[PDB]
2 protein chains.
Amino acid sequence: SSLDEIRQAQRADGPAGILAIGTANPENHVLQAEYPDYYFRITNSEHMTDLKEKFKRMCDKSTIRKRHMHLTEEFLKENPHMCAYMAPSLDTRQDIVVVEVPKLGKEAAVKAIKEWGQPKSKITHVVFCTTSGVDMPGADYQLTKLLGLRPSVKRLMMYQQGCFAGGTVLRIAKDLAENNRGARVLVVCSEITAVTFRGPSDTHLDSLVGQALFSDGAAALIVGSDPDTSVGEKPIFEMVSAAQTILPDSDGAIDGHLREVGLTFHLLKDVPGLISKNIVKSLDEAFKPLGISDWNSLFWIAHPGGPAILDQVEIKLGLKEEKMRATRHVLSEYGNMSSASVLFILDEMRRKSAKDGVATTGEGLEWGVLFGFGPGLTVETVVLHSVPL
Amino acid sequence: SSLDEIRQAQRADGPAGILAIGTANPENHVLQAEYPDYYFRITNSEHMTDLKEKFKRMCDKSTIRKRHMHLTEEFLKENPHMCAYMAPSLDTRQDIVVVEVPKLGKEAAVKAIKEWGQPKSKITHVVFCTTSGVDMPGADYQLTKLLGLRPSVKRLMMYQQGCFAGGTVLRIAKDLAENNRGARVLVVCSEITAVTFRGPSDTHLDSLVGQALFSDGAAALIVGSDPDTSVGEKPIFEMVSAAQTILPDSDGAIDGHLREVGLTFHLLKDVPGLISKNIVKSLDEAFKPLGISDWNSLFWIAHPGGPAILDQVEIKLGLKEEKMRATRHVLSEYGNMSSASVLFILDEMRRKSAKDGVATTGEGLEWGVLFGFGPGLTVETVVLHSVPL
């Protein structure tokens, strides 16, 4: 009767858990070892000898083996305004991603829902995250329609977020799941690089870095509190806390603008240096309340923005070489899929732990940390607890 | 200690309340009665005599008196590509709104924070919503910087949302405030129509509807659970539940696309008819649990998309003429400010209630409803409880 009684009946009891994970990528892919030749050919830039050498080194140093790409050679031959460094092309780019982003997200979601094993009518919330295009209604609406979810799902559409948003969606889903009894949140991150792909310019080498790193993929979760074992629900990871911060002295480090030529990125500061200089402050804030100071006692998920970020974090913190294994595996096999990447890494970690027969889903350890890194410079920090295997 | 003990200590106890409201608009404004003459003059379209007559009737039927507009005549004279119907112009529009949206949002937020009366360091979360431009980092980052909030504020950037998102930000803020002990959420909705302004055409009259209705404004809230009366916190309204649904048979009713010509809107179905035919189902779902069936016993906030929505809802439900007073006042004095509009209406209602000396902030009544309407067709339904005066 009272507002207080309503509130206590309305909310969930326990911590939010990741109950399922599914992933998907465009079938089409490129092998990084061959990408400099392909990219300089399809962008009609083979005369740019010195710049191609620089790009070969960038691709060789990336540690990426394979990247999935919706964009094909045959399509790009018909679309020279997308192959240019800077030609008016946003309309064509949008036409691609407003369709392909929710379609790829649906492929991941179907896999997540199958693992979860519950009827899709039990989904109560949808969180959709992309940095690839914008539209109204959003990709969240399109996904709801493609999956045939109930019309009364509570949706949140996160557009143009950037590379930290794999942490953001976990932070969002946590509050949605924990504050609503029975809530089951479908989280989807889906990224298609058709809005950022562009040709090379020897006066914009930061733009070239993105052409070596960014790739396509989608990941889907089911998140909920109070799992029901009797119907087959089983958490994989439990969320304990989620934080966000802006790093000091980082203004303008990474900017991204949506313009008539599509999405462009600009780097003005040493991003690996900024992240590694400050990450310990986020670890202390997250884990001092829990009594944890040994960062090698954690299982680790870090957004693989590029190899230098991972290398410099590992050195600064004294992490054992094994801590970044799952993260580096995803970077190697898939590249930087923006917001989806850390969700691929969670999947890789729990699958390897199960295959190996270790004691928990987090490599046999109890506590873990997940980091998103992106424009701001923004750092998202999620504390995770593993589940016994 | 245990994860359950962490969870219960981490979360808030009571329902989320709106603790302060502030609003702002560009000083520049147009009188609707004069707008057909102005619009057809400044777009060099005075030869379109029949179309101007149609637009005059649209403006006269809108019931809008005044609309605030950042875009000035002087600016448009210097930027004739924004006065064409479909000239490339996104870059100019983005240049305007990536700056002016957070600036207007700051103006509203300063007022909300001053009313709230607490130190800005007590803000823990920021929810920024706009349909006017996108950028990375987002307007949420820019607002944090402009106000000097703590760098560790937890931000959520809601881009390209559309007219229902005044309800969405309340739904988001409710879960953030209720699930996090001590959380104080700064919510800002800020809309600048420089992205949608364009010249007239007889190949696209639904764009003309938008040119008659849309206007600029920002609104800011402080939202929190467990108000601290010892420092002067007092809720204005309390949130009880928040729902979202997609109306049946409404596919493609309202679409909006961000293109090289800016943001374009496309209308296909009878929006007032769809809303008025289905709104009772949202009322029943929200209020059957509370034993409430008399919609005239509620105080009302409805998104003023246009006057026909309000008129047809009033007729279909049998509302007394007085129920839509606050909503229609904001429509008349400010126009359709997209997501900010319902927040202006909350402010109008609680200010008029206090001025008139009635018993509660909701026109003397106990229970109320707030609706957002927008692309989908999406209906956001928030149940509110007033506070005694």
# chains A, B, ... in the order shown; residues from 1 in each chain; ligands from 1
$ interface_residues --of "chain B" --to "chain A" --cutoff "7 Å" --atoms "only C-alpha atoms" --output "PyMOL selection string"
chain B and resi 4+7+14-15+90-91+134-137+151-154+158-160+175-176+178-179+243-246+255-260+375-376
$ calpha_fit_and_write --fixed "chain B" --moving "chain A" --output "short mmCIF file (atom, residue, chain, number, x, y, z; two decimals) with C-alpha atoms, in the first residue's frame"
data_model
loop_
_atom_site.label_atom_id
_atom_site.label_comp_id
_atom_site.auth_asym_id
_atom_site.auth_seq_id
_atom_site.Cartn_x
_atom_site.Cartn_y
_atom_site.Cartn_z
CA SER A 1 31.64 -9.80 3.41
CA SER A 2 29.21 -11.87 1.37
CA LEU A 3 28.03 -10.58 -2.00
CA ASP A 4 24.55 -10.28 -0.51
CA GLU A 5 25.75 -8.04 2.33
CA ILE A 6 27.65 -5.90 -0.17
CA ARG A 7 24.50 -5.61 -2.30
CA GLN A 8 22.19 -4.52 0.51
CA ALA A 9 24.70 -1.92 1.73
CA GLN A 10 25.24 -0.64 -1.80
CA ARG A 11 21.60 0.04 -2.74
CA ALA A 12 19.21 2.81 -1.72
CA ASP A 13 16.16 2.28 0.49
CA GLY A 14 13.23 4.27 -0.90
CA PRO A 15 11.68 5.50 -4.13
CA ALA A 16 13.45 7.94 -6.40
CA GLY A 17 12.29 11.55 -6.10
CA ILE A 18 12.65 14.61 -8.30
CA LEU A 19 14.46 17.00 -5.94
CA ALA A 20 14.86 20.02 -8.23
CA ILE A 21 13.92 21.22 -11.71
CA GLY A 22 15.49 23.96 -13.81
CA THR A 23 14.90 25.05 -17.37
CA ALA A 24 16.44 27.28 -20.03
CA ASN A 25 15.87 28.43 -23.61
CA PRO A 26 17.76 30.39 -26.23
CA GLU A 27 17.01 34.07 -25.68
CA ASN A 28 16.15 34.45 -29.36
CA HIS A 29 12.56 33.59 -30.18
CA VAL A 30 9.90 33.82 -32.85
CA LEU A 31 6.20 34.53 -32.45
CA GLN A 32 4.17 31.88 -34.25
CA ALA A 33 1.71 34.40 -35.71
CA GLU A 34 4.59 35.90 -37.71
CA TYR A 35 6.43 32.69 -38.49
CA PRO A 36 4.89 31.86 -41.92
CA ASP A 37 6.02 35.20 -43.35
CA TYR A 38 9.48 34.92 -41.79
CA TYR A 39 10.04 31.28 -42.76
CA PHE A 40 8.95 31.69 -46.38
CA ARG A 41 11.11 34.82 -46.66
CA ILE A 42 14.32 33.43 -45.14
CA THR A 43 14.00 30.20 -47.16
CA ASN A 44 13.54 32.23 -50.40
CA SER A 45 10.18 30.59 -51.01
CA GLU A 46 7.80 33.56 -51.27
CA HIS A 47 6.68 32.49 -54.74
CA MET A 48 5.23 29.25 -53.29
CA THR A 49 1.83 30.86 -52.73
CA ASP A 50 -0.33 27.80 -52.15
CA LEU A 51 2.25 26.10 -49.93
CA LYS A 52 2.61 29.22 -47.77
CA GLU A 53 -1.18 29.23 -47.25
CA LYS A 54 -1.00 25.61 -46.06
CA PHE A 55 1.82 26.51 -43.68
CA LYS A 56 -0.10 29.52 -42.34
CA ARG A 57 -2.95 27.15 -41.46
CA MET A 58 -0.53 24.67 -39.86
CA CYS A 59 0.95 27.42 -37.71
CA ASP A 60 -2.51 28.82 -36.83
CA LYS A 61 -3.78 25.37 -35.80
CA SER A 62 -0.62 24.56 -33.81
CA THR A 63 -1.84 26.51 -30.72
CA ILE A 64 1.78 27.61 -30.27
CA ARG A 65 2.37 31.29 -29.45
CA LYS A 66 6.15 31.45 -29.06
CA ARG A 67 9.15 29.26 -29.88
CA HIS A 68 12.75 29.80 -28.79
CA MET A 69 15.30 29.22 -31.52
CA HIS A 70 19.07 29.39 -31.39
CA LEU A 71 19.05 29.96 -35.17
CA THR A 72 18.79 33.62 -36.10
CA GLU A 73 17.91 35.37 -39.36
CA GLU A 74 21.42 36.83 -39.57
CA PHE A 75 22.97 33.37 -39.22
CA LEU A 76 20.63 31.77 -41.77
CA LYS A 77 21.39 34.51 -44.34
CA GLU A 78 25.00 33.30 -44.21
CA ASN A 79 24.02 29.61 -44.44
CA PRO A 80 21.82 28.99 -47.48
CA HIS A 81 22.60 25.26 -47.40
CA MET A 82 20.57 25.12 -44.15
CA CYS A 83 17.78 27.19 -45.72
CA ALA A 84 17.42 24.80 -48.62
CA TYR A 85 14.92 21.97 -48.40
CA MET A 86 17.70 19.40 -49.03
CA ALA A 87 21.28 20.58 -49.43
CA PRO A 88 24.45 19.09 -47.90
CA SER A 89 24.62 20.75 -44.53
CA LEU A 90 25.22 18.24 -41.73
CA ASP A 91 28.74 19.50 -40.95
CA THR A 92 27.53 23.05 -40.26
CA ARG A 93 24.56 21.75 -38.29
CA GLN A 94 26.81 19.56 -36.15
CA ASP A 95 29.25 22.42 -35.60
CA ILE A 96 26.39 24.40 -34.02
CA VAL A 97 24.75 21.74 -31.87
CA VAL A 98 27.84 20.00 -30.49
CA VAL A 99 28.61 23.32 -28.75
CA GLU A 100 25.16 24.78 -28.10
CA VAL A 101 23.41 21.67 -26.79
CA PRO A 102 25.66 21.20 -23.71
CA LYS A 103 25.85 24.99 -23.18
CA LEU A 104 22.06 25.26 -22.98
CA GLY A 105 21.95 22.15 -20.79
CA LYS A 106 24.42 23.78 -18.42
CA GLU A 107 22.16 26.82 -18.06
CA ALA A 108 19.28 24.58 -16.97
CA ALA A 109 21.54 22.47 -14.74
CA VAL A 110 22.90 25.49 -12.87
CA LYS A 111 19.33 26.48 -12.00
CA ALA A 112 18.44 22.97 -10.87
CA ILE A 113 21.55 22.70 -8.73
CA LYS A 114 20.81 26.09 -7.12
CA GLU A 115 17.29 24.98 -6.16
CA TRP A 116 18.62 21.65 -4.85
CA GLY A 117 21.00 23.65 -2.70
CA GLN A 118 23.67 20.96 -2.31
CA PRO A 119 27.29 21.05 -3.52
CA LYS A 120 27.81 19.89 -7.09
CA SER A 121 30.42 17.45 -5.76
CA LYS A 122 27.45 15.46 -4.38
CA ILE A 123 26.31 14.64 -7.94
CA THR A 124 27.24 11.02 -8.62
CA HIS A 125 25.55 10.35 -11.98
CA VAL A 126 24.82 12.37 -15.14
CA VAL A 127 22.17 11.42 -17.69
CA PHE A 128 22.26 13.59 -20.82
CA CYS A 129 19.59 13.25 -23.54
CA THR A 130 19.43 15.03 -26.91
CA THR A 131 18.11 14.41 -30.42
CA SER A 132 20.24 17.30 -31.71
CA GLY A 133 23.63 16.11 -33.01
CA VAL A 134 26.13 13.46 -31.92
CA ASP A 135 29.82 13.68 -30.95
CA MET A 136 32.57 11.79 -29.10
CA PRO A 137 33.13 12.50 -26.24
CA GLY A 138 29.46 13.26 -25.81
CA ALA A 139 27.47 16.17 -24.49
CA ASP A 140 27.55 14.35 -21.14
CA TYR A 141 31.32 14.79 -21.00
CA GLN A 142 31.02 18.41 -22.12
CA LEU A 143 28.43 19.17 -19.42
CA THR A 144 30.62 17.53 -16.76
CA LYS A 145 33.49 19.79 -17.82
CA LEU A 146 31.35 22.94 -18.09
CA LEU A 147 29.95 22.40 -14.56
CA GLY A 148 33.17 21.18 -12.94
CA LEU A 149 31.63 17.98 -11.64
CA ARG A 150 33.79 15.27 -10.12
CA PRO A 151 35.69 13.30 -12.79
CA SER A 152 34.20 10.08 -11.38
CA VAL A 153 30.56 10.93 -12.14
CA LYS A 154 28.85 7.93 -13.76
CA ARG A 155 27.57 9.21 -17.12
CA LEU A 156 24.98 7.95 -19.59
CA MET A 157 24.77 9.64 -22.99
CA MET A 158 21.39 9.21 -24.74
CA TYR A 159 21.66 10.34 -28.35
CA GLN A 160 19.17 10.52 -31.17
CA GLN A 161 16.32 9.34 -28.98
CA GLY A 162 13.35 11.45 -30.06
CA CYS A 163 10.29 12.81 -28.47
CA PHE A 164 9.54 10.00 -25.98
CA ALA A 165 12.85 10.34 -24.19
CA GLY A 166 11.69 12.69 -21.43
CA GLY A 167 10.04 9.57 -20.08
CA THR A 168 13.13 7.48 -20.82
CA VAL A 169 15.46 9.64 -18.77
CA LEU A 170 13.10 9.43 -15.80
CA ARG A 171 13.04 5.63 -16.20
CA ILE A 172 16.86 5.61 -16.30
CA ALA A 173 17.32 8.00 -13.39
CA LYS A 174 14.87 5.98 -11.29
CA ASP A 175 16.95 2.82 -11.49
CA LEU A 176 20.23 4.69 -10.99
CA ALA A 177 18.95 6.52 -7.91
CA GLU A 178 17.17 3.53 -6.36
CA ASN A 179 19.97 1.03 -6.84
CA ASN A 180 22.79 3.18 -5.42
CA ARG A 181 22.80 4.49 -1.87
CA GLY A 182 23.55 8.21 -1.84
CA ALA A 183 23.28 8.57 -5.60
CA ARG A 184 22.24 12.00 -6.85
CA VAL A 185 21.53 11.98 -10.58
CA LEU A 186 21.75 15.11 -12.71
CA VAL A 187 19.36 14.57 -15.65
CA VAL A 188 19.58 16.99 -18.59
CA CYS A 189 17.47 17.05 -21.76
CA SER A 190 18.64 19.67 -24.28
CA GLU A 191 17.24 20.21 -27.78
CA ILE A 192 18.34 22.67 -30.48
CA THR A 193 16.54 22.51 -33.84
CA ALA A 194 19.54 23.47 -35.98
CA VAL A 195 19.79 19.88 -37.20
CA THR A 196 16.16 19.73 -38.42
CA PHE A 197 15.53 23.27 -39.70
CA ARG A 198 15.10 23.29 -43.50
CA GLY A 199 13.15 24.98 -46.28
CA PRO A 200 9.83 23.91 -47.65
CA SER A 201 8.81 21.41 -50.31
CA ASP A 202 5.27 21.09 -51.64
CA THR A 203 5.70 17.30 -51.99
CA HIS A 204 6.78 16.82 -48.33
CA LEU A 205 4.10 18.31 -46.09
CA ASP A 206 5.05 16.11 -43.13
CA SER A 207 8.41 17.87 -43.15
CA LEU A 208 6.53 21.19 -43.02
CA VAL A 209 4.63 20.05 -39.93
CA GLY A 210 7.89 19.80 -38.03
CA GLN A 211 8.85 23.30 -39.13
CA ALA A 212 5.66 24.54 -37.47
CA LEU A 213 6.10 22.62 -34.19
CA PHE A 214 9.72 22.00 -33.16
CA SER A 215 11.54 24.40 -30.87
CA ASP A 216 14.55 24.76 -28.56
CA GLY A 217 14.91 24.26 -24.84
CA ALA A 218 16.64 22.37 -22.04
CA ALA A 219 15.49 21.07 -18.69
CA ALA A 220 17.52 19.65 -15.82
CA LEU A 221 16.57 17.57 -12.81
CA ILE A 222 18.19 16.30 -9.66
CA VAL A 223 16.87 12.79 -8.91
CA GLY A 224 17.61 10.82 -5.76
CA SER A 225 16.29 8.37 -3.21
CA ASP A 226 16.35 8.86 0.56
CA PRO A 227 16.21 12.68 0.64
CA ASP A 228 17.98 14.36 3.54
CA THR A 229 15.66 16.98 5.01
CA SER A 230 18.35 18.16 7.43
CA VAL A 231 20.40 19.65 4.59
CA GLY A 232 17.38 21.07 2.76
CA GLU A 233 16.51 18.36 0.22
CA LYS A 234 12.81 18.12 -0.55
CA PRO A 235 11.15 15.93 -3.21
CA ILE A 236 8.70 17.50 -5.61
CA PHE A 237 7.43 14.28 -7.18
CA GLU A 238 8.16 10.64 -6.39
CA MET A 239 8.53 8.03 -9.11
CA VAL A 240 6.57 4.81 -8.58
CA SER A 241 6.91 2.91 -11.86
CA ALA A 242 8.19 3.44 -15.40
CA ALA A 243 7.20 1.48 -18.51
CA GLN A 244 7.80 1.55 -22.26
CA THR A 245 5.87 -0.03 -25.12
CA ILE A 246 5.65 -0.12 -28.92
CA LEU A 247 2.14 0.51 -30.21
CA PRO A 248 0.63 -2.20 -32.43
CA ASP A 249 0.22 -1.57 -36.13
CA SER A 250 2.45 1.50 -35.94
CA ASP A 251 5.49 0.47 -37.97
CA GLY A 252 6.98 3.40 -39.83
CA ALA A 253 4.51 5.87 -38.36
CA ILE A 254 7.35 8.34 -37.61
CA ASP A 255 10.88 7.78 -38.94
CA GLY A 256 13.84 10.12 -38.53
CA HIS A 257 17.08 9.80 -40.49
CA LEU A 258 20.42 11.54 -39.95
CA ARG A 259 21.80 12.22 -43.41
CA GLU A 260 24.13 14.61 -45.24
CA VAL A 261 21.23 17.11 -45.35
CA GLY A 262 20.76 16.88 -41.57
CA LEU A 263 17.92 15.26 -39.67
CA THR A 264 14.76 14.55 -41.67
CA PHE A 265 11.40 13.28 -40.43
CA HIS A 266 8.79 11.23 -42.28
CA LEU A 267 5.20 10.44 -41.27
CA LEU A 268 3.32 7.47 -42.74
CA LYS A 269 0.40 6.93 -40.35
CA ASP A 270 -2.13 8.87 -38.24
CA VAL A 271 -0.10 9.38 -35.09
CA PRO A 272 -2.80 11.13 -32.98
CA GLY A 273 -5.12 8.27 -33.93
CA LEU A 274 -2.62 5.58 -32.95
CA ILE A 275 -1.82 7.20 -29.61
CA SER A 276 -5.45 7.79 -28.60
CA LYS A 277 -6.51 4.29 -29.75
CA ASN A 278 -3.94 2.63 -27.48
CA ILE A 279 -3.19 4.91 -24.54
CA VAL A 280 -5.79 3.25 -22.31
CA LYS A 281 -3.81 -0.01 -22.45
CA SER A 282 -0.82 1.83 -20.94
CA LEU A 283 -3.00 3.45 -18.27
CA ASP A 284 -4.46 0.07 -17.28
CA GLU A 285 -1.05 -1.58 -17.08
CA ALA A 286 0.29 1.23 -14.89
CA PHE A 287 -2.69 1.79 -12.59
CA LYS A 288 -4.59 -1.49 -12.28
CA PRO A 289 -1.99 -2.66 -9.71
CA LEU A 290 -2.78 0.52 -7.76
CA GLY A 291 -6.57 0.21 -7.88
CA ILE A 292 -7.06 3.31 -10.04
CA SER A 293 -9.44 3.43 -13.02
CA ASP A 294 -10.68 7.08 -13.05
CA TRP A 295 -8.25 8.93 -15.30
CA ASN A 296 -9.65 12.31 -14.21
CA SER A 297 -8.42 11.57 -10.65
CA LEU A 298 -4.82 11.78 -11.88
CA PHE A 299 -2.64 14.78 -12.51
CA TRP A 300 -1.48 14.62 -16.13
CA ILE A 301 1.73 15.30 -18.04
CA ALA A 302 1.69 14.42 -21.73
CA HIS A 303 4.35 15.07 -24.32
CA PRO A 304 2.86 17.91 -26.45
CA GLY A 305 3.90 16.47 -29.80
CA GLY A 306 1.18 18.57 -31.38
CA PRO A 307 -2.31 19.76 -30.51
CA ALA A 308 -4.10 16.91 -32.30
CA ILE A 309 -2.49 14.29 -30.04
CA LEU A 310 -3.71 16.13 -26.93
CA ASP A 311 -7.17 16.79 -28.36
CA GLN A 312 -7.76 13.19 -29.38
CA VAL A 313 -6.44 11.72 -26.11
CA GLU A 314 -8.73 14.08 -24.16
CA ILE A 315 -11.77 13.06 -26.22
CA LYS A 316 -11.03 9.33 -26.19
CA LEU A 317 -10.58 9.22 -22.42
CA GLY A 318 -13.21 11.76 -21.46
CA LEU A 319 -10.68 13.95 -19.67
CA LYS A 320 -11.95 17.18 -18.15
CA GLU A 321 -10.66 20.19 -20.09
CA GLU A 322 -8.50 21.13 -17.09
CA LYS A 323 -6.39 17.96 -17.14
CA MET A 324 -4.23 19.10 -20.07
CA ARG A 325 -3.81 22.70 -18.82
CA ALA A 326 -0.14 22.46 -17.82
CA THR A 327 0.73 20.52 -20.97
CA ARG A 328 -1.02 23.03 -23.24
CA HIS A 329 0.58 25.97 -21.45
CA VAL A 330 4.05 24.63 -22.30
CA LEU A 331 3.05 23.87 -25.87
CA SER A 332 1.70 27.42 -26.22
CA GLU A 333 4.64 29.27 -24.67
CA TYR A 334 7.51 27.04 -25.88
CA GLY A 335 6.40 24.67 -28.64
CA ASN A 336 7.49 21.03 -29.00
CA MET A 337 10.97 20.92 -27.39
CA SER A 338 11.21 17.14 -27.92
CA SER A 339 12.51 15.29 -24.83
CA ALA A 340 12.66 18.38 -22.64
CA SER A 341 8.97 19.25 -23.00
CA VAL A 342 7.51 16.98 -20.30
CA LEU A 343 10.11 18.25 -17.80
CA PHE A 344 8.97 21.84 -18.50
CA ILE A 345 5.42 20.62 -17.83
CA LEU A 346 6.40 19.09 -14.48
CA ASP A 347 7.95 22.44 -13.55
CA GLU A 348 4.85 24.37 -14.63
CA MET A 349 2.58 22.06 -12.69
CA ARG A 350 4.46 22.22 -9.41
CA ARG A 351 4.92 26.00 -9.67
CA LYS A 352 1.23 26.63 -10.31
CA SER A 353 0.25 24.27 -7.48
CA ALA A 354 2.50 26.16 -5.08
CA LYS A 355 1.26 29.57 -6.25
CA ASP A 356 -2.38 28.49 -5.85
CA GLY A 357 -1.91 26.99 -2.39
CA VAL A 358 -3.35 23.58 -3.29
CA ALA A 359 -2.67 20.53 -1.20
CA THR A 360 0.04 18.85 -3.28
CA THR A 361 2.54 19.49 -6.07
CA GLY A 362 0.28 17.61 -8.48
CA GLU A 363 -2.66 20.06 -8.55
CA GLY A 364 -3.83 18.82 -5.16
CA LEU A 365 -4.13 15.19 -6.31
CA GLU A 366 -2.19 12.18 -5.09
CA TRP A 367 -1.34 10.16 -8.22
CA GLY A 368 -0.20 11.33 -11.64
CA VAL A 369 0.95 10.05 -15.00
CA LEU A 370 3.64 11.29 -17.36
CA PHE A 371 3.68 10.21 -21.01
CA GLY A 372 6.42 10.43 -23.64
CA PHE A 373 5.44 9.75 -27.27
CA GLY A 374 7.88 9.21 -30.13
CA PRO A 375 9.24 7.05 -32.94
CA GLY A 376 8.36 3.37 -32.86
CA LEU A 377 5.65 4.31 -32.18
CA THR A 378 6.94 4.32 -28.62
CA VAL A 379 5.03 5.31 -25.50
CA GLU A 380 6.79 5.87 -22.16
CA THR A 381 4.53 5.79 -19.08
CA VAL A 382 5.76 7.02 -15.70
CA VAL A 383 3.56 6.82 -12.60
CA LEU A 384 4.16 9.70 -10.21
CA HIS A 385 3.09 10.50 -6.69
CA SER A 386 2.78 14.11 -5.61
CA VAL A 387 4.25 15.59 -2.42
CA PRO A 388 2.24 17.61 0.12
CA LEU A 389 2.55 21.39 0.02
#
$ select_by_dssp --residues "range 15-244 of chain B" --states "helix (DSSP H, G or I)" --output "ChimeraX atom specification"
/B:32-42,49-61,73-78,80-82,90-116,120-122,139-147,165-178,193-195,206-213,229-231
$ write_last_selection --atoms "C-alpha atoms" --output "short mmCIF file (atom, residue, chain, number, x, y, z; two decimals), in the first residue's frame"
data_model
loop_
_atom_site.label_atom_id
_atom_site.label_comp_id
_atom_site.auth_asym_id
_atom_site.auth_seq_id
_atom_site.Cartn_x
_atom_site.Cartn_y
_atom_site.Cartn_z
CA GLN B 32 4.17 31.60 -34.29
CA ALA B 33 1.64 34.03 -35.78
CA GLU B 34 4.47 35.68 -37.75
CA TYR B 35 6.37 32.49 -38.53
CA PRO B 36 4.80 31.56 -41.91
CA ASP B 37 5.77 35.00 -43.27
CA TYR B 38 9.26 34.83 -41.75
CA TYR B 39 9.96 31.23 -42.79
CA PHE B 40 8.91 31.69 -46.43
CA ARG B 41 10.86 34.97 -46.59
CA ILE B 42 14.13 33.72 -45.11
CA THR B 49 1.84 30.70 -52.54
CA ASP B 50 -0.23 27.53 -52.10
CA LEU B 51 2.37 25.83 -49.88
CA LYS B 52 2.58 28.93 -47.68
CA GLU B 53 -1.19 28.79 -47.21
CA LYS B 54 -0.89 25.16 -46.10
CA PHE B 55 1.88 26.09 -43.68
CA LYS B 56 -0.07 29.06 -42.37
CA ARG B 57 -2.93 26.72 -41.51
CA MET B 58 -0.49 24.31 -39.82
CA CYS B 59 0.96 27.10 -37.67
CA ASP B 60 -2.45 28.55 -36.82
CA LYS B 61 -3.79 25.15 -35.75
CA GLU B 73 17.88 35.41 -39.20
CA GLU B 74 21.38 36.89 -39.38
CA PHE B 75 22.94 33.44 -39.14
CA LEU B 76 20.65 32.00 -41.81
CA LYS B 77 21.43 34.89 -44.17
CA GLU B 78 25.11 33.95 -43.93
CA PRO B 80 21.91 29.84 -47.27
CA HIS B 81 22.65 26.11 -47.58
CA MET B 82 20.71 25.65 -44.34
CA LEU B 90 25.20 18.37 -41.79
CA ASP B 91 28.69 19.66 -41.03
CA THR B 92 27.39 23.18 -40.37
CA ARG B 93 24.55 21.84 -38.25
CA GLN B 94 26.92 19.64 -36.21
CA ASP B 95 29.30 22.57 -35.68
CA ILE B 96 26.40 24.45 -34.07
CA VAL B 97 24.79 21.80 -31.90
CA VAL B 98 27.86 19.98 -30.56
CA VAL B 99 28.61 23.30 -28.81
CA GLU B 100 25.20 24.78 -28.13
CA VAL B 101 23.42 21.66 -26.83
CA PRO B 102 25.68 21.20 -23.75
CA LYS B 103 25.83 24.98 -23.22
CA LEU B 104 22.04 25.26 -23.03
CA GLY B 105 22.00 22.13 -20.88
CA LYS B 106 24.47 23.77 -18.50
CA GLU B 107 22.21 26.80 -18.19
CA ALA B 108 19.34 24.57 -17.06
CA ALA B 109 21.56 22.45 -14.81
CA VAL B 110 22.95 25.46 -12.93
CA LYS B 111 19.39 26.48 -12.07
CA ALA B 112 18.46 22.95 -10.91
CA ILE B 113 21.61 22.70 -8.79
CA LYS B 114 20.99 26.09 -7.20
CA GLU B 115 17.44 25.11 -6.26
CA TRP B 116 18.64 21.76 -4.87
CA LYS B 120 27.86 19.90 -7.04
CA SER B 121 30.40 17.34 -5.77
CA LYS B 122 27.41 15.38 -4.41
CA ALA B 139 27.51 16.17 -24.59
CA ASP B 140 27.55 14.36 -21.23
CA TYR B 141 31.33 14.81 -21.10
CA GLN B 142 31.05 18.44 -22.18
CA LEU B 143 28.46 19.18 -19.49
CA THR B 144 30.60 17.49 -16.82
CA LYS B 145 33.49 19.73 -17.88
CA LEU B 146 31.42 22.93 -18.09
CA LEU B 147 29.99 22.42 -14.58
CA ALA B 165 12.82 10.31 -24.18
CA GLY B 166 11.67 12.70 -21.47
CA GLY B 167 10.00 9.60 -20.11
CA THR B 168 13.09 7.51 -20.84
CA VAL B 169 15.44 9.70 -18.80
CA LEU B 170 13.06 9.44 -15.82
CA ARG B 171 13.02 5.64 -16.21
CA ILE B 172 16.86 5.57 -16.36
CA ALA B 173 17.27 7.97 -13.44
CA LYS B 174 14.81 5.99 -11.31
CA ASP B 175 16.91 2.81 -11.54
CA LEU B 176 20.22 4.66 -11.03
CA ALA B 177 18.95 6.48 -7.95
CA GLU B 178 17.11 3.53 -6.40
CA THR B 193 16.47 22.52 -33.86
CA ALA B 194 19.44 23.65 -35.98
CA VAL B 195 19.70 20.00 -37.06
CA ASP B 206 5.58 16.08 -43.39
CA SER B 207 8.91 17.89 -42.97
CA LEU B 208 6.70 20.98 -42.91
CA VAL B 209 4.80 19.71 -39.86
CA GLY B 210 8.13 19.65 -38.04
CA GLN B 211 8.95 23.20 -39.12
CA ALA B 212 5.67 24.31 -37.48
CA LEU B 213 6.12 22.45 -34.16
CA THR B 229 15.81 16.62 5.07
CA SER B 230 18.62 17.72 7.40
CA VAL B 231 20.32 19.55 4.51
#
$ select_by_dssp --residues "range 82-250 of chain B" --states "strand (DSSP E)" --output "number ranges by chain"
B: 125-130, 154-159, 184-191, 217-224, 237-246
